[PDB]
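J.: below you'll find the sequence and an experimental structure to go with it.
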Amino acid sequence: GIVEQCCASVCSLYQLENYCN
Amino acid sequence: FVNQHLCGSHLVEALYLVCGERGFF
């Protein structure tokens, strides 16, 4: 999920947008 | 300390401003 990909791992600004509705 | 890991309340703050009216849940 979101915590695993952006906090534990790394997520770019564009990947973060993929979590939006 | 500059780094690429985004966590906790800062993660939510970033998600809140990029998703805007769309929401994320």
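T.: Done, it's in. Residues are numbered from 1 along each chain as shown, chains lettered A, B, ... in the order given.
J.: show the contacting residues for the residue of chain A most remote from its centre.
T.: Centroid-distance maximum for chain A: residue A:21 at 13.3 Å, with CA atoms, centre = their mean. Applying CB atoms under 8 Å, 6 or more residues apart in numbering or on different chains, we find residue A:21 in contact with B:19, B:22-25. All C-beta atoms are positioned from the backbone trio N, CA, C, and that covers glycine.
J.: swap the cut-off to 7 Å and go again
T.: B:19, B:22-24 (CB atoms under 7 Å, 6 or more residues apart in numbering or on different chains).
J.: and which of these is nearest to residue A:5?
T.: Proximity of those to residue A:5 (CB to CB) peaks at residue B:24, which lies at 13.3 Å.
J.: need the nearest residue in space to residue A:15, chain neighbours excluded.
T.: Counting by CB to CB, 6 or more residues apart in numbering or on different chains, residue A:15 lies nearest to residue A:5, which is 7.2 Å off, once chain neighbours are set aside.
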